[PDB]
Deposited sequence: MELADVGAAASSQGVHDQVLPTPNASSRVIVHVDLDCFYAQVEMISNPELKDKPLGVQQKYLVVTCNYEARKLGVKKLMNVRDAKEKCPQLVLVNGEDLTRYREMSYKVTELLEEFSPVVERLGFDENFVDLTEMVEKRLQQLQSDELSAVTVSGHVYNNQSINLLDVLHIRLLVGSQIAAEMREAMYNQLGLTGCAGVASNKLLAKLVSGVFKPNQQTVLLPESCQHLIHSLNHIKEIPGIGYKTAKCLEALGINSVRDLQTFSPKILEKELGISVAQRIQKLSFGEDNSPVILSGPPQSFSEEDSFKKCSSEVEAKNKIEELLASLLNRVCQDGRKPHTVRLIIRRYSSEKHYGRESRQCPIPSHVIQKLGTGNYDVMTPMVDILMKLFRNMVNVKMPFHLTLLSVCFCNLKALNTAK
C-alpha cells in the first residue's frame, strides 16, 4: 500500500528564468516585479532582506540597489514550466502540476522495477542521495527505507536532468504521500533535496508553527480555526471531530484533520494539457468602455495565438471584472467561430462586449480595476 512520491519545486522560478535570459543579472540582487509587487527575488536579494511578495517600495527600502525586471508577461515562464513537466513525464508518465513551478511524481512503480533488478549483495549498497530529514538513521533492512532511498536516487537523476537539459535548479522531497513530499521538499533550500523516513513524519508535521502552513488549509479555513482556539498542528490533531464537522462541513473537517496527522491518500493525477487559458490586466482605473474594449481586444489577441498553438479549441469564454469582489459572465462560443480557428477577432470582441455591459452600467459612471478573459471548456 505504501507509495514513493516526489515533489519538485523550482528555485526562485521567475527570477531564475530572467537570470537565464540575461546573465548580467546573475550576480546582482534581482527581483521580478508585477505592478507594485516583487513577486519573487533571487537568493542574492534574499540575503539582503528581500522577501517573496514584498512591495516594490519595501523591497527597495530594504535593498536600494535591487535590480527589478518586469514579469507581467508569463510567456517565458509558462514555456519553461511545461518543459519541466515534460521532462519529468519521461521518467513516469503520471505527473501532477501545482502552479507553474511544482510537480508531483509517483515513483512507486519505478522504485519497484529498480529493486527487482537488484541482487541481494547490493541491497546493502543502497545509499541515500541528498539529505535525510532530521538526520534519521537508515535501517537497510527496512524495506520502506530502501524504497525511499531509491526514490531519492531517482529524485537526484531528475534534478540533474533538469539542470543538464534545461539549465534549471530546484528542490525535491521524497516521502510516502503528496503532503509529506511537499512539506519536506522545502527543508533544505535552495537546489537541494530531502527524504523523509516514516519514523520522522510526526517530527516534520510538528515542526510547523501554524496550521495555515499545511497545504489545503487556506486563508478562510485558518481564520475559522483560529476563532475556535486552534493554532498548533496538535490543536487540530486533538480537536473534536464533531465540532469540526459542524463548523466546516464533513469533507473539509475530515480531510484537514487527517492532514494534521500527515495522512494524505490523494493520488498523483496526470495534469496533462491545461484546462483553461486566461489573461488578466490590472490598472488603477477603467471608466470608458471603448477603453475597456481596447484592454479586452489586447487580452484576446494573445489568447487567440496561444489557443491556436495548443491545437485544441475552446467551447466557452468568460469575462471577469473587479469594481473599485470579483464578478464574471461566461457564454458558449458559437460553432462557426470555433471552426474558423479568417477574422475571428471582431465577433469575439462583440460577444465579450455584450457580456461586459451585462455586468457594468455605462449610463452610470463606473470604476473598474481588473479585466480578465478566460478560454475554457477545451476539446
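Absent C-alpha positions map to the deposited sequence ranges 1-25, 350-355, 373-376, 415-420, in order along the chain.
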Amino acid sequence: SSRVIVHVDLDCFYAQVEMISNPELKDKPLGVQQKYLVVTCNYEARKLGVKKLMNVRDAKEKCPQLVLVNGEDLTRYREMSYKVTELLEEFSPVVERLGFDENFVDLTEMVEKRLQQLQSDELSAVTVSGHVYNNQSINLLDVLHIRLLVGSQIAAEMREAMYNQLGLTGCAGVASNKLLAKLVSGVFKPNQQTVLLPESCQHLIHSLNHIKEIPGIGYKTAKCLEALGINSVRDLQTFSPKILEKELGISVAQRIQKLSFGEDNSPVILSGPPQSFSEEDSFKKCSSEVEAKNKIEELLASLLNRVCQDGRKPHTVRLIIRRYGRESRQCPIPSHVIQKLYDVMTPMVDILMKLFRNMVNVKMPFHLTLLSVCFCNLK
From here on, numbers count along this sequence of modelled residues.
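Here, rigid core means the biggest group of C-alpha atoms that superpose within 1.5 Å across both forms.
For the pair 124-132 and 245-253, greater average C-alpha departure from the shown form in 9 other deposited structures of this protein after core alignment is found in 245-253.
Taking the rigid core as the alignment reference, the C-alpha atoms of 284-292 lie farther on average from the displayed form in 9 other deposited structures of this protein than those of the other stretch among 284-292 and 182-190.
In the other compared entries of this protein that model both flanking residues, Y43 has coordinates in every one, well short of a third left out. Where the other entries of this protein model the residues before and after it, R357 is kept in all of them rather than dropped from a third. The PDB entry reports B-factors from which the mean C-alpha value can be compared for 346-354 and 27-35; the larger average falls on 346-354. Note on 306-314 vs 38-46: mean CA B-factor is higher in 306-314. Within the group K113, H145, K293, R78, the record's highest C-alpha temperature factor is found at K293. In the deposited coordinates, the residue among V195, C171, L248, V105 with the greatest CA B-factor is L248. Per the PDB record, residue ranking by Cα B-factor puts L368 in the highest third of the chain. In the PDB entry, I269 places in the middle third of its chain by CA B-factor.
The PDB entry assigns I214 a C-alpha temperature factor belonging to the middle third of its chain's modelled residues. Compared with the other modelled residues of the chain, the Cα B-factor recorded for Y82 ranks in the lowest third. Among all modelled residues in its chain, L378 ranks in the highest third by Cα B-factor.
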